[PDB]
Each structure stands twice: as structure tokens, then as C-alpha cells.
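Notes follow the structure.
Quick reminder, even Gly has a Cβ in these numbers, built from the backbone with ideal geometry, and neighbours come from all protein chains shown. Any read-out appearing in this document is the output of simple, stated calculations on the displayed coordinates, not a laboratory observation.
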Amino acid sequence: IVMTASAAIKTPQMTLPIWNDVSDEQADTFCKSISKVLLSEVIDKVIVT
DNA sequence: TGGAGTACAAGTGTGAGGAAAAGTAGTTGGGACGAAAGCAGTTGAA
């Protein structure tokens, strides 16, 4: 912050307030709609013959 | 009964020897407490 005035922070974050009518089950479904999903994450095996 | 030759010693010049403790002659030994970060004008080619 004080030195270097870095536009490239190591861990840039963003805090998102959710509404007062949206629930926790609706919000956990919502976090999945944003997060990056590699194709690696859904693969159990790759068998190559 | 006088002289002709002649070895024994009194007597006279030439250099050659003797010695030592000082110095100097050739080899070998030895002398040399530093494998740091995000960042920026220049600068890579697209």
C-alpha cells in the first residue's frame, strides 16, 4: 500500500454483500456459479489404450 | 836438496726453504561472511 503503489496485489479480493432476502442455500449455489472450474476437477480417470 | 801437482779445511756469495691463522674458493641449504524486490525508461518485433 504505502510503498510501491502496487496495481498487482498478491491476493486481490472483493467483498460482495448479499441481500437480506437471499438465503444461505441460495448463496452457496451462487458462489458455485462464479468460481472457475477446471475440467480436471470433474475427471475421475483418463484411461489411454 | 828445489819443484810439480793437489786434497783438507779455513773462509766467502747466491735464494730456498719453513710455518701459521687469517682471508677466499664452490657446492648445498634456505627466504617470502554476499546465488536480495517489484519496477522503469528504452526497446524487443508485430
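Summary table
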quantity	calculated
Residues satisfying the stated conditions in region A:12-37, i.e. more than 9 Å from the chain's Cα centre (by Cα) and not in a loop (DSSP other than H, G, I, E, B)	A:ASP24, A:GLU25, A:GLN26, A:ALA27, A:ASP28, A:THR29, A:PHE30
Residue ID - nearest to A:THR15 (Cα to Cα), chosen from residues in region A:38-49 that are part of a loop (DSSP other than H, G, I, E, B) and of a type outside the set (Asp, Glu)	A:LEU38
When residues of region A:1-20 are limited to those that are aliphatic (A, V, I, L, M) and within 16 Å of DNA strand B (Cβ to nearest atom), the one surrounded by the most Cβ atoms within 10 Å (Cβ to Cβ)	A:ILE9
Subset of region A:21-43 (residues that are among the polar types (S, T, N, Q) and either surrounded by 10 or more Cβ atoms within 10 Å (Cβ to Cβ) or in contact with a strand residue (DSSP E or B) (Cβ under 8 Å, 6 or more places away or on another chain) (or both))	A:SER23, A:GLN26, A:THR29
